[PDB]
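In this analysis, Cβ positions are derived from the backbone assuming ideal geometry, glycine residues included, and neighbour counts consider all displayed protein chains. Readers should treat all values here as calculations from the given coordinates under stated rules, not as data from a laboratory.
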Amino acid sequence: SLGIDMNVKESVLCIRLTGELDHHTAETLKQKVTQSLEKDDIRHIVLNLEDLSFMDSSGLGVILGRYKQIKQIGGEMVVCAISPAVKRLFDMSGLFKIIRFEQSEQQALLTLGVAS
């Protein structure tokens, strides 16, 4: 069980994932890695899971891989749609700053704080 959504805004590729966040679901994004690795010019990312439940330490790294992917590309990596029982993953890892997360409110900053 897991969804997937993608949207482009000015250059920001919104990725609305709905389902689970495990090595199984984190796989889907696995492919998004190569895509984000070098899409072309310098687009933007926009992560946001509306159905964030499981989300273990499986995709945690799969998502972190992107951060160091969109950054090394020449853009920025953003992610939102956290929770009081999901942000703890990055809150405990203390690497949250490496994922720079927010809380819906980022819906705007999600655009990569670079677009409207």
Do we find a residue being surrounded by 13 or more Cβ atoms within 10 Å (Cβ to Cβ) and out of contact with any strand residue (DSSP E or B) (no Cβ under 9 Å at 6 or more places or on another chain) anywhere in region 103-110? no
Take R66 and tell me if it is out of contact with any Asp or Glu (no Cβ under 7 Å at 6 or more places or on another chain) and farther than 17 Å from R16 by Cα. no
Members of region 43-77 found to be outside any loop (DSSP other than H, G, I, E, B), in contact with a strand residue (DSSP E or B) (Cβ under 7 Å, 6 or more places away or on another chain) and either polar (S, T, N, Q) or farther than 13 Å from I98 by Cα (or both), listed by number: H44, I45, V46, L47, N48, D51
Quick one: in region 9-33, of everything that is under 14 Å from the mean Cα position of the chain (by Cα) and over 25 Å from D91 (Cα atoms), which residue is surrounded by the fewest Cβ atoms within 10 Å (Cβ to Cβ)? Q31
Please count how many residues of region 99-116 are of a type in the set (V, I, T) and either over 16 Å from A81 (Cα atoms) or part of a loop (DSSP other than H, G, I, E, B) (or both). 1
Selection within region 6-23 - more than 15 Å from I73 (Cβ to Cβ) and part of a loop (DSSP other than H, G, I, E, B): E10, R16, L17, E20, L21, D22, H23
Within region 76-116, restricting to residues that are touching a residue at least 40 places away in the same chain (Cβ under 8 Å) and over 13 Å from the mean Cα position of the chain (by Cα), the one that is farthest from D41 (Cα to Cα) is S116
